[PDB]
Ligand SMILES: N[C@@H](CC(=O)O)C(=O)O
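Take a look at this single chain in structure tokens; it is the form deposited without this ligand.
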């Protein structure tokens, strides 16, 4: 059976301050830790990617769940998707509000509906009827994002996991872009763009310019290069190089193939990433700054 790997990413971003850097690290370490803990228990790659992304929605330092950036009405409006590489099973939610973990609802969508995608009000109603709690507004908005919205008037989190059966999965979550139009949907809930998972190829989770990821369908394009016999690095190189020259978009991504190979590449300035494989934790934000430590 395969050696389990979890890969986690923060938002593709510009320069990070020496400070966010500290809490970002531990945020990335915490999520990669849960994702892996899940696979050591023999959990599925779906359970692990879900697990990792929940940690990031709950961690205020990351643009998803609590800590999401604000829309043009100052409100939190969130998107998420998860994909099961076994039979291509998927669930996704767009434009959701007043809920803690949009990724759990995407999972509920995949696992307890005949659908793959619920939006806005019907997304709230499905959460209401599945007994997801409504949160007393306020809670989701952080003082850092409050200033951020006044200023203009951070990025998508994801996870890719490979389990002992060779199953792969991805999960993505985001509150979008600051001052975005109400009801704007980025790449996250769109399968092929914000992510793709296929036991025959691998799984990808992306970040960066949402519309640009959509226009190029980045996650599925990365995988297309792999199917053609490229390495995980060359595929990510090539698919991001394309998003750069064709539509002028920047981002980043995390991929893992069906054979245990993984990398994290980006064209934005920063992308906090973490990976757990064989009880070693890898972490980085800028290229080269990579640390490797034990993971008991």
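Residue numbers count along the first chain shown, from 1.
As for the form solved in complex with this ligand, it is not shown, yet the points below apply to it.
- Contact with this ligand, judged by heavy atoms within 4.5 Å in the bound PDB entry, is confined among 184-192, 218-226, 132-140, 105-113 to 184-192.
- Only one of 82, 93, 213, 203 comes within 4.5 Å of this ligand in the bound PDB entry through a heavy atom, and that residue is 213.
- Along 194-217, a non-hydrogen atom within 4.5 Å of this ligand in the bound PDB entry is carried by 207, 208, 209, 210, 213, in order along the sequence.
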